[PDB]
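J.: Before anything else, here's the structure in question.
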Amino acid sequence: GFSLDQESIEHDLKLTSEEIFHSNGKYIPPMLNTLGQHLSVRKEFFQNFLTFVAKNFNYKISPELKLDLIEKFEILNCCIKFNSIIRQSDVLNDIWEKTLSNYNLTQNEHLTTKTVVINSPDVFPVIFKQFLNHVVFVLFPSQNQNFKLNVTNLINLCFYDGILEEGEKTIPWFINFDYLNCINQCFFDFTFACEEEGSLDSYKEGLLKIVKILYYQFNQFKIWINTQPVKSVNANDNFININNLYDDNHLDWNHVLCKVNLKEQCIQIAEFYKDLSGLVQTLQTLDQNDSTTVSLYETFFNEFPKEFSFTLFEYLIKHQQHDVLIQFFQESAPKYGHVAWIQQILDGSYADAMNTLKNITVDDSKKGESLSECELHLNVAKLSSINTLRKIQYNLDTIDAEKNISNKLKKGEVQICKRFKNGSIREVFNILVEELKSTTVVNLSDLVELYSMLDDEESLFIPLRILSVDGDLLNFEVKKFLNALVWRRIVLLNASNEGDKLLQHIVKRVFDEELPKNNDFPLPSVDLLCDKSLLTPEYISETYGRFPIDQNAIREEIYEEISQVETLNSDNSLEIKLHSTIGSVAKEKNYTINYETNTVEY
Amino acid sequence: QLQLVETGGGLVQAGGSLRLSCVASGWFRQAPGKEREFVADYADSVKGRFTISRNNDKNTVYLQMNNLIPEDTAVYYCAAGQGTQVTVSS
Amino acid sequence: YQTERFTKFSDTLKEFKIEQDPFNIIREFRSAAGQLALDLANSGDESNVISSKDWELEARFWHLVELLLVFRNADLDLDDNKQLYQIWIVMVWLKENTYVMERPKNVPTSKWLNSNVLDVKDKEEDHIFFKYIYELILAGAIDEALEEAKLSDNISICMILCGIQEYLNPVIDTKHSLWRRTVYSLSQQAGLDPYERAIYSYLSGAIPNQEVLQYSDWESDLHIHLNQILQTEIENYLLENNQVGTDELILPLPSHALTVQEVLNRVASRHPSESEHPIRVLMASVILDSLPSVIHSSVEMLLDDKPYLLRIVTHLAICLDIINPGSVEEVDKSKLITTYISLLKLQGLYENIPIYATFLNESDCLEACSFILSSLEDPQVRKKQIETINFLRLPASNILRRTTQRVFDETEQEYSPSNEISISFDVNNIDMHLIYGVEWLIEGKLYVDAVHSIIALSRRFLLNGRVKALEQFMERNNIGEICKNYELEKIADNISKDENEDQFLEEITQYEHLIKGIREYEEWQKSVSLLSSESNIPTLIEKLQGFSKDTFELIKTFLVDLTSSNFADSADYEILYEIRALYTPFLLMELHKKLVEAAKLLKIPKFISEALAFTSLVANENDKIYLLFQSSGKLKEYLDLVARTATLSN
């Protein structure tokens, strides 16, 4: 009760102090000019009294609320001094004041701008933000020295409100909102001075940048601590919404700009700022990741100093093998990706074995540069000596296929698949040329799709070999659809090349290499090739998900490719045309037809 | 000190003659390279052409070499000598 | 010449071999020891007689031995007692080669110039001429004594010269039985000089006074028993014949002649300090034929030696085995063939042929033919001199085989450190001599037994420095013989010709491939910082270094694997699996060696990385590069050498 009555007397004094900080009755206003300086010095002297008298006198959050109310009037007083300097600039200030004028008249009427600073002139930050937003077309429009010579004064004016926080012995939502909306425009400052850089002249503006970097550092490293305090205190994330949108987007964008500013800095200034402001550990480290040198003098001392840097451990994931084992890969980190071949760590390492298994299973999704994993899948197989047979098959098939495919492709030995013409439904030709040109066949994920492209019969022949060797991966439906598309291409070429001479080499190559004994290769048939039961939108979206073309076009292309044969097979001639052939080839050879399940025996 | 003074050797032609006198101051032969063989008893290679000079009591009985050939070119030593050269040119 | 006494002896032996008339092996022994004692007395210092006295006595013994070997052998079937003839052989060397004082100087004109009327110095001048005549007669100087007796008015000594000349006419016949008993009684009469008193007893066969023998030397001392046996054996046979009659006899004579050993028991007892010298006691062993009984008896008292004795006893056996086949003891023969070749160390360079004349069994068997494999090192003079002496075929196949198999047991300690380093300087300094015996045996037919000696030393290399690479350079010093072994191999018949010609041809390809990789790896390491700033020549040379290596690896992998898999001779496959497994990792680091020196030019980074990264990737289709890691242990080494490319290529 007594503290509330004293707080009421102080609030009445604060209102009279706000009027006294902007205008005072005792002094003669007419005498001289706007005594903003004296109006401020009065409240400044009174602040020492308020502090000495309210020694301790803290109750709940009343002392913190009073300390926060102090900054509502102490900070504004330092603006008119800039006005004085701006009154030395005059033409800029008058154009500014007048602009501010229109602002108020459009924003809150009240006879445009009158420099009475009624109600503590809170709209001063809004006018500042509007002017900063208009400087991107007015001054960006004006030279770096001009805008460069201009922004320095605003920097020095803003940089005078932190020396009072260390003088009040600083240990609510209003405290979080006292200086937060200005972050919506502060980021428009550094760039405006840094984009000009040395105004395209370094040998003379190195000093001009060294004398100004202080303001940028003091703004960033101090304004940054308010966010996490406000966020932990307010817990707005829940509502989140426009406050969080502004806040979080500004935070990411400021992390990007504070790191480049940290890079473009004088020696150890960022290093001191990294130690002084415990924030942006990543940007600090980016400046600190041996940007200057690899000298064991300063670096070991800075390095050792991190101490509690769990965050630094995430530093090693930038681009080695130091830090006294560093608890292996930062306790083996999480998902290694490529760092997994590095996680060999001079050991057999079961993870390193799963790591190349993880390299194939990570070729599954959005992979690149397989030649590492390709040589490293072979290398991990060597390191090792169920999953072993699968890995050996994957290695052999994928490697030989990617090699032969890139060779024949870049080689262009087989000129073209003749039938396709002017069809959007298949840009796989260009996709595959791009793949073959770089990145170890761009990791070569769509090994399935590759074989589909057929330009010479010799290049097309191999597919069923991989299908009967390592086809333990896809579903039976996928494997059968592949084989059916292959047989359909064969039929479309063999009806045209008079005699159907394409099958007469493949029926022999499949039996002279002994593929049926080590591979239960399913026998193709008229029903097996004209089998549309494996045509579903889910399988379509899974197989052809890379190309962002409408699935209807691919469905129409596939239906045409199936119906051409479904119509050409009059009286089902193809049936005989295969049965007689395969059975005449596999006659003297240890092979018999297994009409129970359409397979080959011995 | 059997000062065996030998003299009379020399160089003759094929078919000439020589007279080797040996005075014992108090006959074997050695060719260039071979071993010392006995000449004078008479060697089979000089029987009928040479006459030895060995005498009973105090009798030198000095005698010569008639019909000399190139197979008799050697150094002759005395025994009961320093050597005396007897060469025969072909 | 003079210094090389052994060499002179060898030359005489060589001449005899060429001729192969047999009595010329010992006659040459008289020309060696003579010129030696003459080279120290014709001109030079006088103190050399301390060594010339040894040569002045070794030459008279070879003269006495030449008459004993020709009498008991050369018995020609020309137109009785065979043991009495030895006394004549002893008198020839005891009379011709004896010491004789020259004629006395300042002989007086008239007689008794100083004149019981003669002074004390007159009987001395009479005894001086008495000793000068008493010595010449003992040496067979009749021709000289007959003139000497007439010259000095010394007619008192001429009465016996014809009595000897009458005794010489009776010896050539082979009465006077009473004349032998008068001089012996004249030796018991008083009034005679000491030199004349010994002359009367020496001609008959009696013993004079001991005061005249004190002066007599222990060497000469032997004529006392020689003349007594002659005076008794003729009186015995003379007595047997009795060609004088009993009346003609006066006094009994000791007609009991003793043997040689009873006489030698007294000559070495009167003057033993010189009568038992090592160069004069050899004449009794020629009558006994015991060769190794005088030299093998000086090898037991080692607590307390003469080179002239070993050269004569050994040279005797080569003649003793020849004079009578097997006359020298078979044990003594091989003991003389072994003691000669061992003692002939300072002179073993020229006598590498004289030891073959008495081959016997030490040469037909691997006994005296294995010592030449211990000196034949670098000089090419001794290797060509052994090509004579009519020795080849199996002996050449037994000296070359004993040269490579005798050093294989010494390298047994070179196969123990299978996981550590060792001292290989001796192997890098003694095996170099282990390849000159086969390189000198230029025989296209004896090439299979030596072509495998280098491949038998690939496992002694082990880790660190290899000895086969240095051995590959020894074969390059004598190549071309491969053309001589491939043409001569089609001369002799062979059954297993499908596997013996394939192993020699494959070993030459792998070795030449190995010698090429060693020289390719020596030129890139010696590059270091070559060409200086003008790396344009290096930009093409390093490009050639990186191509010649990426090709050499794929080629060396196909040569070792060309041995197929299953073969009967799998012993040759288990030995070459390690050498193939040891030439793998050294190649990937050389491309990485362009990231320490050629790293100043960011050009070997993107090249040498992928070039070595896929070197293990394609090493997984040819049976996972076999398992060169299973035969050497180098698995994680490949895992780290390539893993380092993740902090440099990005």
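By order of appearance in the structure tokens: chains A, B, ..., then residues from 1 within every chain, and ligands from 1 in the order shown.
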Env of range 63-70 of chain B: 6 Å cut, atoms = only C-alpha atoms, seq-sep filter 3 positions within chain, self excluded. Answer as a ChimeraX atom specification.

T.: /B:14-20,49-53,73,88-90

J.: Using only C-alpha atoms, which chain C residues lie at most 10 Å away from chain A, written as a PyMOL selection string?

T.: chain C and resi 610+613-621+624-625+627+629+635-640+643-644+646-648+650

J.: Taking only C-alpha atoms into account, report as a list in words which residues of chain C lie within 8 Å of chain B.

T.: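 Output check: residues 24, 27, 28, 96, 99, 100, 101, 102, 136, 141, 142, 143, 144, 146, 147 and 165 of chain C.
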
J.: Store the residues picked out above in a file with N, CA, C and O atoms, as an mmCIF file, in the first residue's frame.

T.:
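Wrote it out as out23.cif, contents follow:
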data_model
loop_
_atom_site.group_PDB
_atom_site.id
_atom_site.type_symbol
_atom_site.label_atom_id
_atom_site.label_comp_id
_atom_site.auth_asym_id
_atom_site.auth_seq_id
_atom_site.Cartn_x
_atom_site.Cartn_y
_atom_site.Cartn_z
ATOM 1 N N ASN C 24 111.125 -86.594 -65.393
ATOM 2 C CA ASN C 24 111.365 -85.161 -65.499
ATOM 3 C C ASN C 24 110.609 -84.348 -64.456
ATOM 4 O O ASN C 24 110.769 -83.125 -64.413
ATOM 5 N N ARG C 27 113.469 -83.822 -61.757
ATOM 6 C CA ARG C 27 114.673 -83.163 -62.252
ATOM 7 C C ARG C 27 114.519 -81.649 -62.270
ATOM 8 O O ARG C 27 115.506 -80.926 -62.100
ATOM 9 N N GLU C 28 113.295 -81.152 -62.469
ATOM 10 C CA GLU C 28 113.062 -79.713 -62.423
ATOM 11 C C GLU C 28 113.194 -79.154 -61.013
ATOM 12 O O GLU C 28 113.363 -77.940 -60.855
ATOM 13 N N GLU C 96 130.433 -86.381 -54.807
ATOM 14 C CA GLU C 96 130.450 -85.261 -55.741
ATOM 15 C C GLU C 96 130.142 -83.944 -55.036
ATOM 16 O O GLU C 96 130.854 -82.949 -55.218
ATOM 17 N N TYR C 99 132.246 -80.618 -49.395
ATOM 18 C CA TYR C 99 133.024 -79.410 -49.168
ATOM 19 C C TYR C 99 134.505 -79.688 -49.397
ATOM 20 O O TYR C 99 135.038 -80.692 -48.915
ATOM 21 N N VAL C 100 135.166 -78.795 -50.131
ATOM 22 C CA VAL C 100 136.574 -78.953 -50.477
ATOM 23 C C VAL C 100 137.262 -77.603 -50.340
ATOM 24 O O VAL C 100 136.868 -76.633 -50.996
ATOM 25 N N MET C 101 138.285 -77.538 -49.492
ATOM 26 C CA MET C 101 139.102 -76.337 -49.402
ATOM 27 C C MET C 101 139.957 -76.195 -50.655
ATOM 28 O O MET C 101 140.442 -77.185 -51.208
ATOM 29 N N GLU C 102 140.138 -74.955 -51.102
ATOM 30 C CA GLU C 102 140.925 -74.699 -52.299
ATOM 31 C C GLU C 102 142.403 -74.989 -52.033
ATOM 32 O O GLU C 102 142.813 -75.323 -50.918
ATOM 33 N N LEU C 136 140.672 -83.953 -50.635
ATOM 34 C CA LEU C 136 140.308 -84.114 -52.041
ATOM 35 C C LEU C 136 140.099 -85.577 -52.408
ATOM 36 O O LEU C 136 139.289 -85.884 -53.291
ATOM 37 N N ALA C 141 138.264 -87.125 -55.900
ATOM 38 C CA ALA C 141 139.150 -86.350 -56.768
ATOM 39 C C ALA C 141 140.433 -87.078 -57.158
ATOM 40 O O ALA C 141 141.525 -86.603 -56.873
ATOM 41 N N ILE C 142 140.310 -88.241 -57.788
ATOM 42 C CA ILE C 142 141.490 -88.966 -58.233
ATOM 43 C C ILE C 142 142.153 -88.165 -59.331
ATOM 44 O O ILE C 142 143.372 -87.981 -59.354
ATOM 45 N N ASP C 143 141.311 -87.668 -60.229
ATOM 46 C CA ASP C 143 141.767 -86.881 -61.348
ATOM 47 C C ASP C 143 142.449 -85.691 -60.747
ATOM 48 O O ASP C 143 143.405 -85.161 -61.313
ATOM 49 N N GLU C 144 141.983 -85.273 -59.576
ATOM 50 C CA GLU C 144 142.656 -84.113 -58.995
ATOM 51 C C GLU C 144 143.709 -84.529 -57.980
ATOM 52 O O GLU C 144 144.766 -83.894 -57.880
ATOM 53 N N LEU C 146 145.488 -87.295 -58.082
ATOM 54 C CA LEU C 146 146.636 -87.837 -58.805
ATOM 55 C C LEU C 146 147.581 -86.728 -59.253
ATOM 56 O O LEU C 146 148.807 -86.863 -59.133
ATOM 57 N N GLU C 147 147.036 -85.627 -59.769
ATOM 58 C CA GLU C 147 147.878 -84.485 -60.102
ATOM 59 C C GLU C 147 148.334 -83.752 -58.848
ATOM 60 O O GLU C 147 149.449 -83.215 -58.808
ATOM 61 N N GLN C 165 143.438 -97.465 -57.541
ATOM 62 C CA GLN C 165 143.229 -97.703 -58.964
ATOM 63 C C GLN C 165 143.286 -99.189 -59.296
ATOM 64 O O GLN C 165 142.645 -99.634 -60.252
#

J.: As a PyMOL selection string, please: every residue in range 308-425 of chain C that a backbone DSSP assignment puts in alpha helix (DSSP H).

T.: chain C and resi 308-323+330-343+381-385+394-399+401-404

J.: With C-alpha atoms retained, export the selected residues as an mmCIF file, in the first residue's frame.

T.:
data_model
loop_
_atom_site.group_PDB
_atom_site.id
_atom_site.type_symbol
_atom_site.label_atom_id
_atom_site.label_comp_id
_atom_site.auth_asym_id
_atom_site.auth_seq_id
_atom_site.Cartn_x
_atom_site.Cartn_y
_atom_site.Cartn_z
ATOM 1 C CA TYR C 308 109.758 -75.931 -47.006
ATOM 2 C CA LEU C 309 108.657 -79.340 -45.682
ATOM 3 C CA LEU C 310 104.982 -79.073 -46.656
ATOM 4 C CA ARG C 311 105.867 -78.186 -50.258
ATOM 5 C CA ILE C 312 108.099 -81.261 -50.653
ATOM 6 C CA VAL C 313 105.936 -83.858 -48.893
ATOM 7 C CA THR C 314 102.895 -82.785 -50.922
ATOM 8 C CA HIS C 315 104.890 -82.656 -54.165
ATOM 9 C CA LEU C 316 106.250 -86.124 -53.350
ATOM 10 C CA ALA C 317 102.778 -87.696 -53.255
ATOM 11 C CA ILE C 318 101.775 -86.387 -56.696
ATOM 12 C CA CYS C 319 104.930 -88.193 -57.831
ATOM 13 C CA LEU C 320 104.550 -91.064 -55.351
ATOM 14 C CA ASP C 321 100.995 -91.711 -56.536
ATOM 15 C CA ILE C 322 102.384 -91.595 -60.088
ATOM 16 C CA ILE C 323 105.633 -93.544 -59.607
ATOM 17 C CA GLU C 330 95.075 -93.173 -49.650
ATOM 18 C CA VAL C 331 94.373 -91.441 -46.336
ATOM 19 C CA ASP C 332 97.659 -89.560 -46.688
ATOM 20 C CA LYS C 333 96.825 -88.645 -50.299
ATOM 21 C CA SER C 334 93.513 -86.939 -49.518
ATOM 22 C CA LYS C 335 95.193 -85.517 -46.406
ATOM 23 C CA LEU C 336 97.943 -84.133 -48.662
ATOM 24 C CA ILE C 337 95.509 -82.837 -51.288
ATOM 25 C CA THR C 338 93.595 -81.025 -48.527
ATOM 26 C CA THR C 339 96.621 -79.716 -46.613
ATOM 27 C CA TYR C 340 98.111 -78.344 -49.842
ATOM 28 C CA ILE C 341 95.005 -76.492 -51.042
ATOM 29 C CA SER C 342 94.520 -75.017 -47.561
ATOM 30 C CA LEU C 343 98.153 -73.990 -47.045
ATOM 31 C CA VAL C 381 91.620 -63.714 -63.730
ATOM 32 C CA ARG C 382 91.112 -66.792 -61.540
ATOM 33 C CA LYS C 383 87.749 -67.681 -63.099
ATOM 34 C CA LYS C 384 89.304 -68.125 -66.555
ATOM 35 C CA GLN C 385 92.469 -69.962 -65.464
ATOM 36 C CA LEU C 394 80.043 -82.456 -64.467
ATOM 37 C CA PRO C 395 82.842 -80.553 -62.654
ATOM 38 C CA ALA C 396 81.434 -77.283 -63.994
ATOM 39 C CA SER C 397 77.974 -78.459 -62.904
ATOM 40 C CA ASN C 398 79.329 -79.304 -59.427
ATOM 41 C CA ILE C 399 81.278 -76.084 -58.750
ATOM 42 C CA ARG C 401 75.933 -75.839 -57.867
ATOM 43 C CA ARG C 402 78.191 -75.852 -54.799
ATOM 44 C CA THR C 403 78.504 -72.067 -55.206
ATOM 45 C CA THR C 404 74.772 -71.285 -54.945
#

J.: Which residues are near residue 90 in chain C? Cut-off 10 Å, only C-alpha atoms, ignore same chain within fewer than 6 positions. Put them as a compact mmCIF listing (two decimals) with N, CA and C atoms, in the first residue's frame.

T.:
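Final output, part31.txt:
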# COMPACT_ATOMS: atom_id res chain seq x y z
N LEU C 64 119.70 -86.76 -54.65
CA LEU C 64 119.83 -88.12 -54.13
C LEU C 64 118.57 -88.94 -54.37
N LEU C 67 118.06 -90.87 -58.11
CA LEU C 67 118.72 -92.12 -58.45
C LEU C 67 118.07 -93.34 -57.80
N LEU C 68 117.26 -93.14 -56.76
CA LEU C 68 116.60 -94.24 -56.08
C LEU C 68 115.28 -94.64 -56.73
N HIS C 223 129.72 -91.52 -43.56
CA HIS C 223 130.58 -92.33 -44.42
C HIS C 223 131.31 -93.43 -43.66
N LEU C 226 129.16 -96.52 -44.05
CA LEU C 226 129.03 -96.88 -45.45
C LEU C 226 130.25 -97.64 -45.95

J.: If you run DSSP over the backbone, which residues in chain B end up strand (DSSP E or B)? Put them as a PyMOL selection string.

T.: chain B and resi 3-7+10-13+18-25+28-30+37-38+47+50+63-65+74-77+84-89

J.: Filtering to C-alpha atoms, could you give me those residues as a compact mmCIF listing (two decimals), in the first residue's frame?

T.:
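Written out: again11.txt:
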# COMPACT_ATOMS: atom_id res chain seq x y z
CA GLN B 3 135.72 -75.04 -59.45
CA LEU B 4 134.49 -76.81 -62.55
CA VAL B 5 135.81 -74.65 -65.39
CA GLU B 6 134.03 -75.45 -68.66
CA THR B 7 134.80 -73.95 -72.06
CA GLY B 10 129.50 -71.54 -79.02
CA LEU B 11 127.19 -70.97 -81.96
CA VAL B 12 127.59 -73.26 -84.97
CA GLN B 13 125.58 -74.07 -88.08
CA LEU B 18 132.40 -78.28 -81.54
CA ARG B 19 134.79 -79.38 -78.79
CA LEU B 20 133.73 -78.89 -75.17
CA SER B 21 136.63 -79.08 -72.70
CA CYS B 22 135.90 -79.48 -68.98
CA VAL B 23 138.69 -79.02 -66.43
CA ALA B 24 137.72 -79.78 -62.83
CA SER B 25 139.29 -76.90 -60.89
CA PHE B 28 124.44 -83.15 -69.03
CA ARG B 29 122.35 -80.75 -71.10
CA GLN B 30 119.43 -78.40 -70.45
CA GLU B 37 118.90 -84.56 -69.39
CA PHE B 38 122.04 -86.67 -69.57
CA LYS B 47 124.79 -91.86 -79.93
CA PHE B 50 129.05 -87.17 -79.91
CA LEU B 63 136.15 -84.93 -76.97
CA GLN B 64 133.59 -83.21 -79.19
CA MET B 65 130.30 -82.99 -81.11
CA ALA B 74 121.12 -75.93 -75.11
CA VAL B 75 123.28 -75.16 -72.07
CA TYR B 76 125.71 -77.98 -71.22
CA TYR B 77 126.74 -78.57 -67.61
CA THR B 84 128.35 -73.39 -71.39
CA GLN B 85 125.96 -72.48 -74.20
CA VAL B 86 126.04 -74.51 -77.42
CA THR B 87 123.64 -73.26 -80.10
CA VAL B 88 123.14 -74.63 -83.61
CA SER B 89 121.30 -72.56 -86.21
